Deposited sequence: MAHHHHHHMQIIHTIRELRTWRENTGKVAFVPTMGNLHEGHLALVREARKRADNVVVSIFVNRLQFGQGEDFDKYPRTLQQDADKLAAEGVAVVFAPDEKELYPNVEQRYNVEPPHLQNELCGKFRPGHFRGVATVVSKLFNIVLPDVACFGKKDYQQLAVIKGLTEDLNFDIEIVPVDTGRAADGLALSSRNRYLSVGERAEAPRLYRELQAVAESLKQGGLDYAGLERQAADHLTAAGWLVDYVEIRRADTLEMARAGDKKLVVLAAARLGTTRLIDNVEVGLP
């Protein structure tokens, strides 16, 4: 049933003659958050391609290839595309890169320079390899989602980009591999991130207009509780353009560290 394909030539050979394709790009180490992407994908096309590739160009990491394909076989995945580095980067350098706008240096990008350029570039390469009709990305990595929506529009990729809802724990914590780094005490404290975002969201829903004050209060509550806050920001939904007074479709985003571990989350408000 399911095929494991490692070369661009074999992937293209398989994809021709096939109809609609839904595509889920990942870096492996698959968990429940990823399966949400896969399940939504399978609701949109009979042929689901999942890519597993770790990208030297977006790092600042485990493999477990055998376990990954087993989790996906159960979910009706047609093809797992897992090329090696040289397959995608046959020369050392990547000479032609997809260059994001200034968004790449904001929010998470301020402490991950080059990261979103690397994401945009490898996703463009993957789009040109798989030629998908639909591609699923999770709302938890909102800035990544905006960059991928932006490159899709600006480069005329004929691909429907499908945001997939953030899976959360029972206590509200957004599911992420990063959670495994948290000590027992930190994991009990970790749900405060989502709680503060929701409180910002309620203030906005209740006519609150002081964006900067709301961000600071959320940051102050996190800091006082032991977090090291990277940012809390209110921006326009989908595009992450600056939030303007009177905007009705907004998103609150935050990134903050408990010890050595950085957590991110966000809440959309309408």
Practice task
In sequence order, name the stretches of the deposited sequence that have no C-alpha in these coordinates.
Solution key: 1-7, 68-74, 285-286
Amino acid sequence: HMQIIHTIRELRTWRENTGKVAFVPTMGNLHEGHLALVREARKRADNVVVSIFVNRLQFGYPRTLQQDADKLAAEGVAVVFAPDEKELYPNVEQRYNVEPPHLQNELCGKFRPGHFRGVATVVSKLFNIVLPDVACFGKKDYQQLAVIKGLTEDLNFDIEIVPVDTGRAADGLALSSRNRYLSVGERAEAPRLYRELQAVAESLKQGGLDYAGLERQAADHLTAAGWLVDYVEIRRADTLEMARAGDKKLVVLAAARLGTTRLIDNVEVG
From here on, numbers count along this sequence of modelled residues.
Practice task
Using only the Cα atoms and their B-factors as the entry lists them, report which of 230-238 and 201-209 averages higher.
Solution key: 201-209
Exercise for the section: Using only the Cα atoms and their B-factors as the entry lists them, report which of 162-170 and 126-134 averages higher. Expected result: 162-170
Completion exercise
Among 8, 267, 4, 264, highest Cα B-factor in the entry goes to 4
Practice task
Select one of 156, 91, 177, 104: the residue whose C-alpha shows the highest B-factor in the crystal structure entry.
Solution key: 177
Exercise for the section: Within this chain's modelled residues, let me know which third the CA B factor of residue 75 belongs to: lowest, middle or highest. Expected result: highest
Problem - Relative C-alpha B-factor of residue 150, binned into the chain's lowest, middle or highest third - result: lowest
Handout entry: residue 244 CA temperature factor, ranked by third within the chain
Key = lowest
Practice task
Using the B-factors in the PDB entry, rank residue 220's C-alpha atom against the chain and give the third, lowest, middle or highest.
Solution key: middle
Handout entry: Chain-wide C-alpha B factor ranking for residue 185, given as lowest, middle or highest third
Key = highest
